[PDB]
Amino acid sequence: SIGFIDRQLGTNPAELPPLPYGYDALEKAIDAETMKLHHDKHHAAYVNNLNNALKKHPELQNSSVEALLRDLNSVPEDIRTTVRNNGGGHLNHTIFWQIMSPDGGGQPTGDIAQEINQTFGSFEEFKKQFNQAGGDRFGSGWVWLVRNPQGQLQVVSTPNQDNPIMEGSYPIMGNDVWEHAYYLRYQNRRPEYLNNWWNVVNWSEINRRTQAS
């Protein structure tokens, strides 16, 4: 399971997960209007489109989003791209809402704190590389901290709604660099958004994901 730590993202039918907190709970980084649009409009659309594609292939409604993305070649040609894009959008955003919190921010704790220190040198260096990868992702995409197939932490960015699980990597945490995630408040200033995002990061949840990976 990738979306949730305890269960896989179902497709019979695919469901839009409600926000665990209020729309205005992340104001020190993200405006309430964007939270509403991003969740109620963007995330909802990915779920709806995925369900529409699955209707024409009921034999696939038994499998989870994870299973479909892990083996896109087995998905029928007529809906493969639709499943890739919308399935990815569903999974990516489902992870996104969970790794942020009203009482987020601060420096990491526990397991991931020491793992980050060993791999990247320090939390501040990790932060710099993460933001750098974020800024370098030209066009639409995401920046992730993953546990690669070899079991090592690695910063990687992906295009559009592609997810690292397609390569066998476990996405521990990630930030959305599609313009819709920051344009209302930041406009063209992506680096400012990337900087402020750290103030709402939910380290408790990120630690649970690190253990599961």
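Start at 1 and count along the sequence shown; that's the residue number.
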Query - Of 91-99 and 70-78, the one with larger mean CA B-factor - result: 70-78
Query - Mean C-alpha B-factor comparison - 55-63 and 25-33, higher one - result: 55-63
Requested in this report: Sort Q161, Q150, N175, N188 by C-alpha B-factor from the entry and give me just the highest.
Outcome: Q150
**Report entry** Chain third (lowest, middle, highest) by recorded CA B-factor, residue given as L194
**Finding:** lowest
Query raised in the report: Within this chain, which third does the Cα B-factor at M166 fall in: lowest, middle or highest?
Result: highest
Report summary line: On the chain's distribution of Cα B-factors, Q132 falls within the third called middle
Query raised in the report: If you rank every modelled residue in this chain by C-alpha B factor, which third holds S122: lowest, middle or highest?
Result: middle
Query raised in the report: When the modelled residues of the chain are sorted by Cα temperature factor, does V83 land in the lowest, middle or highest third?
Result: middle
